[PDB]
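To keep things clear, I will list the structure first and then write my remarks on it.
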Amino acid sequence: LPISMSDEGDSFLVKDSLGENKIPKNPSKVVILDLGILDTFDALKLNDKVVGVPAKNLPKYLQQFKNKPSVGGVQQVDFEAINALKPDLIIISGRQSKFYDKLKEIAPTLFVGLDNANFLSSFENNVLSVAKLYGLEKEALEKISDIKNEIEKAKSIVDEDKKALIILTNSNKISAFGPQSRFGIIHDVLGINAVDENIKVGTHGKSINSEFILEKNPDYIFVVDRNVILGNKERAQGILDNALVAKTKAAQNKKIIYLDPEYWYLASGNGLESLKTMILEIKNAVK
Ligand SMILES: O=C(N[C@@H](CO)C(=O)O)c1cccc(O)c1O
Ligand SMILES: O=C(N[C@@H](CO)C(=O)O)c1cccc(O)c1O
Ligand SMILES: [Fe+3]
């Protein structure tokens, strides 16, 4: 399940949860489909190694890669474009696991998935494995260290009594997420208590309504509005403007927090800088 690597010696033999690859050291033509690992290449000064990115889903904080060749979107993967580039490495996360075999035909394909049950250790493993390919472990370890310090700063101001609910909105549907989920970092790493520790659910969450939100009466509601990533004009603010949500402590104290979906939904948690931004976003909403 974690990435492991043996040096031998112009290359690494690399094993991860999807399979095995010989990856050359210092690859010079890397197609990156995980946006977080893309941010990490920037933080490690490896921008020139990147030859393909998913320009259809390129967020505001990664616009320094806007000039790179497109390999489509995180879901709409453009295989002909990837093949045309003749990359020496393709890096993917969970969203492209269904395309593994076709990708691995083109070139070695490294899986940098984030484990929702073990976010930090998978994050470190992902970043260090990538850094190892380039002999950059020292630099990566220093930046991981900074992230851990940001985590400690954020934890330090968390109000132990208060509780949060995490929701996703899509069209007019609300779904809920708790510990060990795709947004679990809020509870599992930053220490914010859940209104319901037992939601323990999947990729697009547990169906709920406003009645459920009032019943839980969260002090904080963290909202990931998926409509923004695609078709509005529906917006979480609209969905949540009703008398049930309005009675809630979160609504009353203006602690309905609209998290930037270009980080939370697109899931750039592998990024040495984007993960920091996400941590500060949570810290600043609760401090
Ligand atoms: O198309 C997507 N998901 C399908 C399942 O909800 C859908 O039909 O919208 C989709 C698009 C961009 C990003 C995603 O994570 C995603 O799941
Ligand atoms: O593969 C995913 N979802 C599929 C729904 O079955 C999809 O491709 O839409 C998927 C995986 C991680 C994160 C996602 O947002 C996501 O949509
Ligand atoms: Fe999705």
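Indexing begins at 1, ligand by ligand and atom by atom, following the structure's order. What's counted below: heavy atoms across the whole structure, side chains too, no hydrogens, waters or symmetry copies. Each residue takes its place number in the sequence, starting with 1.
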By side chain to side chain contact (heavy atoms under 4.5 Å, CB included), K49 pairs with (sequence neighbours left out) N26, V30, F41, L46, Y134
Is it true that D196 and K216 have a side-chain N and a carboxylate O under 4.0 angstrom from each other?
-> yes
Would you call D10 and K25 a salt bridge, taking side-chain N to carboxylate O under 4.0 Å as the test?
-> no
Examine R95 relative to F111 and say whether NZ or CZ is less than 6.0 Å from the centre of the six-membered ring and inside a 45° cone about the ring axis.
-> no
Looking at CD1 of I185 and CZ of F123, how far apart are the two atoms once the value is rounded to the nearest 0.5 Å?
-> 9.5 Å
In chain-and-number order, ligand 2 lies under 4.0 Å from a heavy atom of each of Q75, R95, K98, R182, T203, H204, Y265
Scan for salt bridge (charged side-chain N to carboxylate O under 4.0 Å, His left out) pairs involving residues 277-287, sequence neighbours excluded, and state none if there are none.
-> none
Got a sec, which pairs hit salt bridge (charged side-chain N to carboxylate O under 4.0 Å, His left out) with one end in residues 110-130, sequence neighbours left out?
-> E124-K148
What is the name of the N/O/S atom in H204 that sits closest to the Fe ion (ligand 3)?
-> NE2
Check whether any N, O or S atom of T203, backbone or side chain, sits closer than 2.8 Å to the Fe ion (ligand 3).
-> no
